[PDB]
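Naming convention: chains lettered A, B, ... in sequence-line order (proteins, then strands); numbering from 1 in each chain.
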Amino acid sequence: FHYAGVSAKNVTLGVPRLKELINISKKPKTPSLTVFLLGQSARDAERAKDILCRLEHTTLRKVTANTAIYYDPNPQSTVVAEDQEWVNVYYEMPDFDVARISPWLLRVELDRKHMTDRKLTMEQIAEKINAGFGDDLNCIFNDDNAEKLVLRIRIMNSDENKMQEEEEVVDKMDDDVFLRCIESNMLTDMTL
Amino acid sequence: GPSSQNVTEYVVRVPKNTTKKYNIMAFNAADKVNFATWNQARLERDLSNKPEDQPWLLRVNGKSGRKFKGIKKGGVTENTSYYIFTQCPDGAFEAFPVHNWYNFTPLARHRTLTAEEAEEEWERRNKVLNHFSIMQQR
Amino acid sequence: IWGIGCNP
Amino acid sequence: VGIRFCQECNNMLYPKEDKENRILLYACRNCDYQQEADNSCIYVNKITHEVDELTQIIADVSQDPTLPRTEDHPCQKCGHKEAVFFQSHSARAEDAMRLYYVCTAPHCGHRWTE
Amino acid sequence: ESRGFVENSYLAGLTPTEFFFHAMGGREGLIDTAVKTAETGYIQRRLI
Amino acid sequence: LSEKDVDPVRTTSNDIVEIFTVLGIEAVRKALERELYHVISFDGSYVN
Amino acid sequence: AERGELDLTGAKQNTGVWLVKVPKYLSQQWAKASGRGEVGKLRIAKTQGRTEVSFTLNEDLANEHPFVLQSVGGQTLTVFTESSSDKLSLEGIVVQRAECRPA
Amino acid sequence: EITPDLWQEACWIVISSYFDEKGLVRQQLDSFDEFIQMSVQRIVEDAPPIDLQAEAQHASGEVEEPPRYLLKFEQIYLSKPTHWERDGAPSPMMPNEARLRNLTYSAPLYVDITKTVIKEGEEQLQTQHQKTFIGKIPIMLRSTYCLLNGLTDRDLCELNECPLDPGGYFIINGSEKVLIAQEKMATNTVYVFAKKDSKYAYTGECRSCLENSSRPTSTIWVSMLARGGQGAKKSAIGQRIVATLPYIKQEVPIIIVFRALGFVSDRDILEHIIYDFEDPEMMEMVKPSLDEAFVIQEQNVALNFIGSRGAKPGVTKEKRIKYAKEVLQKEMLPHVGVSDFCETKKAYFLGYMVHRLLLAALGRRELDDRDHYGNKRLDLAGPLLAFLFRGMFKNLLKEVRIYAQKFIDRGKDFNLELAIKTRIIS
Amino acid sequence: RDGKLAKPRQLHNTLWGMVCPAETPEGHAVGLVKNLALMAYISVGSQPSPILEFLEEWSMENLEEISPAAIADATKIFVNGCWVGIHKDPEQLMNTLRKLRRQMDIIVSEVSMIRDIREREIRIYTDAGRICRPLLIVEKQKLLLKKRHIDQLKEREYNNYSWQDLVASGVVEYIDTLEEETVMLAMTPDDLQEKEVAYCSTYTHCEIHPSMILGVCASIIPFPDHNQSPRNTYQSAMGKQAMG
Ligand SMILES: [Zn+2]
Ligand SMILES: [Zn+2]
């Protein structure tokens with residue numbers, strides 16, 4: 001305390017920082033890294049902001065306004081009234097529904113302010129989720145023009161049809177419990 | 001009519017002694033207790049020691065019906081008394097002191113996990129599999 | 001006792 | 001959204017997919033009771049957890065001597081001049097210095113945020 | 001005034017709330033001194 | 001450091017252990033000297 | 001028909017009873033004699049849309065008690081008696097609760 | 001009828017009256033005074049009556065085999081501070097003479113002891129030893145039992161005592177000793193704190209005690225485990241609430257504790273925990289803990305679960321169940337109740353603790369401050385000497401029991417006067 | 001004393017009027033050894049039974065049927081621990097309790113009754129350790145202390161009027177830290193109670209005199225408000241060492 005606030009970043013100073021340096025502690029109280037920019041990004045603020053976004057950890061929780069799990073029996077049923085349009089669009093030429101579709105729907109809704117602050121893209125988030133998790137999680141993303149940024153996630157189509165698994169016809173972690181586990185993993189570990 | 005201005009006043013009688021003691025039987029509202037199906041009931045002192053200062057066990061309609069457990073009220077009414085007013089042909093209210101207060105709570109007539117199996121199941125706290133299927137297996 | 005930047 | 005209890009043993013119901021009719025159910029694990037799901041929604045999580053604290057504000061709060069009050073903002077219902085105002089008074093309220101107002105005078109208890 | 005600002009000077013004399021808040025600040029300084037001595041002594045012994 | 005548009009020459013961290021594992025023992029020698037000098041001279045005090 | 005059987009005839013007849021909380025001075029006054037068969041008079045006066053209940057203390061006993069009603073919809077109460085002949089019985093169901101307060 | 005701008009005289013007149021009635025050391029004195037009277041009687045009353053009979057195996061036959069000896073401590077008495085000279089004649093001891101001669105300013109303590117003996121012939125005999133001397137209690141100076149009490153300054157000067165001396169200290173071995181009030185956390189109060197490095201995100205503690213009659217504190221924790229730990233089911237369930245009940249080796253799930261109190265149904269447990277069922281956030285908070293305790297659905301099973309985790313295992317199953325039940329009735333939430341049907345009250349208070357933890361977790365209430373002096377109490381001379389006398393009187397009863405048991409196994413007789421060791425208390 | 005944490009030692013706000021801010025030892029025990037303020041009193045303890053009987057008489061239904069009900073039953077009456085029921089009307093109960101504290105029937109001067117309007121709890125603590133101080137009582141904007149009481153106290157001897165009569169009249173009241181949390185105080189009657197630009201118009205109590213926040217050793221310091229704060233601690237320590 002009483003450190004002059006040149007920047008909005010606290011730094012250990014005084015006896016505690018001398019203790020940290022002298023003890024060579026593995027865990028500093030305030031580990032910090034000063035980064036200098038090589039090119040014109042140093043001069044121009046927008047490019048510096050781009051570098052800042054590329055260097056700052058962002059989880060899906062930071063950009064997610066609210067998450068809900070709806071049991072949707074049919075994709076065409078569209079239990080949520082809003083998705084009825086865009087779901088239809090995606091199911092005008094349905095993809096990956098050939099195996100099956102999950103009866104449970106994770107309808108994540110993202111805050112536009114956070115998305116635009118981090119300059120994230122719906123295609124970017126959807127690609128990260130779908131590619132990292134694999135074909136098991138199928139994601140439907142809204143247009144940015146739509147008032148609500150909605151990502152509709154469903155569990156593995158082949159796992160739902162169970163032809164691919166074969167083996168024994170026994171539910172593992174049911175489906176909604178597995179979906180909640182997936183939601184927690186996305187919230188804290190997406191690393192978008 | 002007379003119902004809009006009726007005034008009823010009745011005599012109060014308190015006999016010194018009654019052959020049958022008076023108690024209070026209280027059921028929780030959420031239990032939805034119904035006496036129409038109460039064809040028979042059995043109220044007796046518990047045997048959990050496997051008398052007058054022990055809880056009560058009620059078994060309605062034998063084993064097929066619901067069972068209830070009643071416990072006397074721990075807080076004594078050192079500064080309070082409760083009386084019950086009952087209609088009688090003479091038209092006078094009769095007040096009887098409440099000897100005891102009992103709160104009866106039901107026990108489901110459902111299959112009950114054995115203690116050994118319950119301990120074995122708790123050994124596997126992380127029940128990744130559905131618990132409903134586990135209950136069906138038991 | 002002075003301010004936030006000084007002493008207590 | 002909410003939690004509902006069984007009608008026989010008063011235990012907690014759990015959601016279960018009906019594989020034949022594709023209709024969500026709630027079944028008690030300790031008995032055979034089943035009831036169809038009317039809401040069709042199960043797990044809702046608000047990460048921003050934006051909740052109007054007017055639901056969490058008690059009208060009785062208008063009786064506290066230690067709270068500040070102003071006559072500038074009148075009540076909507078009764079048009080009473082006194083109004084006792086206070087901040088969030090809640091942890092994890094994000095950042096909110098908004099003043100919430102509670103109407104003085106008996107039993108009105110109207111709460112407005114400006 | 002509520003959160004601790006003392007507008008009176010020492011010559012003028014602190015008002016009662018200002019007096020209590022000034023006592024809080026002085027107490028913090030004294031605690032800092034007393035706690036400091038031991039940690040610095042340990043560091044000096046280690047270095048030597 | 002390896003991110004694009006980040007100067008590899010001048011980007012530094014306060015953590016001496018990270019400086020060790022990444023840049024070497026001589027780099028730590030210098031970085032530890034820099035950190036100690038900063039904590040000593042923040043008060044304005046000078047140590048040779 | 002057994003020793004543990006509960007005589008549910010009162011429940012079948014749906015006999016309604018009133019439960020009242022009364023203070024210790026009133027109960028002790030009643031218990032003083034307790035054998036004269038009389039302790040006071042309960043007077044209930046009903047109006048177009050309001051009813052009031054009061055109890056008058058016996059003049060001999062003294063040498064007004066308004067009653068306040070309480071809702072009984074939150075809990076179902078019944079009264080049962082254990083006869084000295086080990087014949088349990090049910091007297092009725094509580095349909096109203098009241099409290100007696102000093103004047 | 002007002003006193004405006006004349007206030008400087010008024011405030012100091014009322015302060016003068018305050019300090020004229022009381023003085024500065026009224027804490028110490030008052031505490032000690034209260035202690036003596038109330039505390040000693042209470043302790044003497046609260047200690048269990050001594051029960052005693054000869055061993056059945058020692059003597060053949062049952063005619064005189066149970067000679068029950070029952071000792072009850074009826075009433076307490078304190079004389080004025082007294083010194084017993086070498087000749088043995090009692091003399092009043094003035095404080096100044098105690099300082100000069102290096103004596104202790106103390107008063108004798110007499111207890112009426114009633115010995116009732118049942119010889120199995122149903123002819124129980126009650127003999128009352130009145131004014132039995134059990135020890136000497138040091139007397140705080142200028143307290144109600146000090147000789148200097150109620151003496152005008154002239155009389156104090158006659159005794160070579162200062163009129164201005166405050167008192168509030170004891171003369172022990174000729175030295176003046178002052179009991180220093182000891183700060184402590186308040187008892188019978190639920191406090192929710194947050195520990196950063198703990199495995200629990202929040203912990204609610206109640207340092208419950210039954211009017212300090214016994215067991216200085218019986219602390220019980222209800223803590224919500226942190227969600228930081230990552231696992232498949234761990235991520236699915238979220239934060240779970242556990243209870244660190246006293247006399248139990250490890251954590252116990254809270255719903256199991258509620259079912260051990262006889263509340264098996266989940267609806268009733270939540271009725272105690274969640275006072276408003278309509279609020280969805282708290283119900284969602286409580287759901288994982290219900291999931292954890294889904295296995296145990298019976299009171300007996302929950303009692304067995306508690307007993308298995310007890311500090312000392314019970315070989316028999318029903319032994320474990322009975323041990324857990326008695327441990328809950330005595331050790332857990334003693335201030336709420338200790339016997340009979342206090343189980344509903346204990347369930348309601350434990351539900352309050354869980355509810356307060358839930359409010360803290362949801363942010364609806366702020367975390368308690370340990371430094372807030374409302375959460376603090378000060379043990380003066382009274383509580384400290386009361387704790388001391390509890391311990392020493394229990395030891396005195398123990399020694400009386402030992403001597404009595406020896407002489408009773410002989411069957412000769414027992415004498416109260418020889419059993420009592422005044423050394424213990426003094 | 002070994003612990004170097006600077007949390008338990010700092011002068012807390014709640015120490016106002018009950019522990020001397022200046023008088024503390026310096027060294028390993030800074031802020032850990034404290035001294036009572038001049039007017040501070042420490043509760044001796046009382047039996048909670050008469051309070052519980054009064055509460056039962058007023059209302060406080062215990063063993064109710066989940067009646068809290070989003071605390072529809074405003075406030076839950078606590079005692080020294082021990083939730084003993086709840087009441088539908090909390091303000092009438094609190095006013096009745098204060099009147100009883102004045103009449104000294106069931107509530108001794110030491111009995112402390114706290115209502116938390118939000119969170120709806122009333123605590124009613126009488127537990128033998130609470131540190132409390134006397135504060136004058138302000139009804140409306142007028143102190144209850146009036147010229148009659150001051151004149152009778154001024155004639156104190158041969159008038160048999162004392163502080164206890166001032167307490168019995170209801171002019172002054174003992175307030176502990178928990179109640180200090182729920183009380184609006186005025187440092188001075190004239191400066192604060194009197195009508196001005198209205199800071200507060202709901203003062204419930206008034207300080208008898210601010211200087212009483214100091215202890216015995218700091219009370220000898222003349223003009224202590226004109227010195228730096230550590231210097232008053234130093235003077236407390238040194239006045240314990242003066243020869244007289
Ligand atoms: Zn069920
Ligand atoms: Zn209004």
Side-chain angles (χ1 to χ4, degrees), chain A residues 60 64 67-80 83 86-87 90-91 93-108 125-141 150-191, chain B residues 124 126-134 136-137, chain D residues 14-27 29 37 40-45, chain H residues 230-238 291:
Chain A
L60 187 62
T64 294
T67 303
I69 297 187
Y70 307 88
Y71 173 84
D72 203 6
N74 298 328
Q76 281 71 24
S77 67
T78 64
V79 49
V80 184
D83 61 28
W86 56 81
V87 170
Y90 277 84
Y91 281 87
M93 299 297 301
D95 299 335
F96 307 111
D97 78 317
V98 186
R100 211 42 64 189
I101 215 54
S102 177
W104 314 84
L105 160 74
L106 178 86
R107 182 169 188 271
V108 175
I125 290 190
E127 271 295 330
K128 288 165 188 180
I129 295 185
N130 192 1
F133 276 92
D135 290 358
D136 41 11
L137 273 64
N138 187 15
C139 304
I140 300 308
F141 51 94
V150 171
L151 191 62
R152 298 177 76 263
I153 303 182
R154 292 189 184 265
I155 325 184
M156 193 176 203
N157 46 341
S158 63
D159 186 72
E160 183 56 36
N161 202 9
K162 234 152 190 182
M163 308 187 316
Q164 163 252 353
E165 305 153 72
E166 300 158 4
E167 301 172 352
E168 316 165 4
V169 193
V170 178
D171 297 356
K172 308 301 179 180
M173 246 172 307
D174 301 352
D175 295 328
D176 46 1
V177 184
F178 187 57
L179 204 51
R180 289 182 177 181
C181 175
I182 287 175
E183 167 189 337
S184 299
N185 291 5
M186 298 188 329
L187 292 201
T188 55
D189 290 349
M190 260 320 294
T191 318
Chain B
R124 333 174 305 267
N126 296 344
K127 329 194 197 306
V128 44
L129 186 60
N130 187 19
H131 306 72
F132 176 79
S133 62
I134 308 301
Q136 289 293 145
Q137 297 298 324
Chain D
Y14 290 94
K16 181 182 179 181
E17 173 184 2
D18 185 7
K19 300 176 179 179
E20 295 181 350
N21 296 333
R22 293 183 178 179
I23 297 178
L24 184 59
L25 296 170
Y26 286 95
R29 290 178 177 168
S40 179
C41 179
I42 296 188
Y43 179 81
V44 52
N45 191 340
Chain H
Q230 184 178 177
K233 182 179 176 181
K234 251 56 182 180
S235 303
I237 61 192
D291 290 1

Quiz item: Roughly how far, to the nearest 0.5 Å, is OG1 of A:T188 from CD of A:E183?
Solution: 10.0 Å

Quiz item: Would the number of heavy atoms belonging to other residues, nucleotides or ligands and lying under 6.0 Å from NZ of H:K233 be above 12?
Solution: yes

Practice problem: Find the distance between CG (A:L187) and CG (D:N45) and round it off to the nearest 0.5 Å. | Solution: 6.5 Å

Self-check item: Those residues that, when tested against A:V98, pass side chain to side chain contact (heavy atoms under 4.5 Å, CB included) (two or more places apart)
Solution: none

Quiz prompt | Non-neighbouring partners of A:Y70 that pass side chain to side chain donor-acceptor pair (under 3.5 Å), sequence neighbours left out | solution = none

Quiz item: Would you say A:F178 has more than 12 foreign heavy atoms packed within less than 6.0 Å of its CZ?
Solution: no

Quiz item: What's the spacing between A:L106 CG and A:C139 SG if we round to 0.5 Å?
Solution: 8.5 Å

Self-check item: Nearest atoms (heavy-atom pairs only) where D:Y26 meets D:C41
Solution: OH-O, 3.9 Å

Practice problem: Might you point out which heavy atoms bring H:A236 and A:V177 nearest each other, and give the distance in Å? | Solution: CB-CG1, 4.2 Å

Practice problem: Report the C-alpha distance between A:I182 and A:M186 in whole Å, list the side-chain angles of each, state the deciding distance to 0.1 Å, and finish with yes or no for side-chain contact (heavy atoms from CB on, under 4.5 Å). | Solution: CA-CA 6 Å; A:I182 287 175; A:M186 298 188 329; 4.2 Å; yes

Quiz item: Who passes side chain to side chain contact (heavy atoms under 4.5 Å, CB included) against H:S235, sequence neighbours left out?
Solution: A:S184, A:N185, H:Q230

Self-check item: Steps toward side chain to side chain donor-acceptor pair (under 3.5 Å) verdict (A:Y71, A:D175)
Solution: CA-CA 10 Å; A:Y71 173 84; A:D175 295 328; over 6 Å; no

Quiz item: Does a sphere of radius 6.0 Å around CD in A:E127 hold more than 12 heavy atoms from other residues, nucleotides or ligands, not counting ones at 6.0 Å or beyond?
Solution: no

Quiz item: Between atom CG of A:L60 and atom CD1 of A:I125, what is the distance when rounded to the nearest 0.5 Å?
Solution: 6.0 Å

Quiz item: How would you list, by chain and number, every residue that makes a side chain to side chain contact (heavy atoms under 4.5 Å, CB included) with A:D97, sequence neighbours excluded?
Solution: A:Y91, A:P94

Practice problem: Please identify each residue that fulfils side chain to side chain contact (heavy atoms under 4.5 Å, CB included) with B:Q136, with sequence neighbours left out. | Solution: B:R111, B:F132, D:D32

Practice problem: Quick one: pull up NE2 in B:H131 and CG in A:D174 and give me the separation to the nearest 0.5 Å. | Solution: 9.0 Å

Self-check item: Chi angles and distances behind the side-chain contact (heavy atoms from CB on, under 4.5 Å) call for D:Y14, H:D291
Solution: CA-CA 10 Å; D:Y14 290 94; H:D291 290 1; 3.0 Å; yes

Practice problem: Kindly write out the residues that satisfy ring pair (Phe, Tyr, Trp, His ring centres under 6.0 Å) with A:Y90, not counting sequence neighbours, or none if the list is empty. | Solution: A:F141

Self-check item: Steps toward side-chain contact (heavy atoms from CB on, under 4.5 Å) verdict (A:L151, A:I129)
Solution: CA-CA 10 Å; A:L151 191 62; A:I129 295 185; 3.6 Å; yes

Quiz item: What residues form a side chain to side chain donor-acceptor pair (under 3.5 Å) with A:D95, not counting sequence neighbours?
Solution: none

Quiz item: Under the side chain to side chain donor-acceptor pair (under 3.5 Å) test, which residues partner A:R107, sequence neighbours left out?
Solution: A:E82, A:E109

Practice problem: Sequence neighbours left out, what passes salt bridge (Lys or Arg N to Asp or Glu O under 4.0 Å) with A:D83? Give chain and number order. | Solution: A:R152

Quiz item: Which atom names give the shortest non-hydrogen contact between A:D136 and A:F133, and what distance separates them?
Solution: OD1-O, 2.8 Å

Quiz item: Is D:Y43 close to A:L179 at the side-chain level, that is, under 4.5 Å between some pair of heavy atoms?
Solution: no

Self-check item: side chain to side chain donor-acceptor pair (under 3.5 Å) partners for H:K234, two or more places apart
Solution: B:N126

Exercise. Might you work through the side-chain contact (heavy atoms from CB on, under 4.5 Å) test for D:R29 and B:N130, ending with a clear yes or no?
Key: CA-CA 10 Å; D:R29 290 178 177 168; B:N130 187 19; 3.7 Å; yes

Quiz item: How many angstroms lie between atom CG of D:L24 and atom CD of D:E17, to the nearest 0.5 angstrom?
Solution: 8.5 Å

Distance-only check: which donor-acceptor pairs under 3.5 Å involve side-chain atoms of residues 153-164 of chain A, not counting sequence neighbours?
residue, atom, partner, partner atom, Å
A:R154, NH1, A:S102, O, 2.5
A:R154, NH2, A:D72, OD2, 3.2
A:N157, ND2, A:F96, O, 2.8
A:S158, OG, A:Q164, OE1, 3.1
A:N161, ND2, A:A99, O, 3.0
A:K162, NZ, A:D171, OD1, 2.9

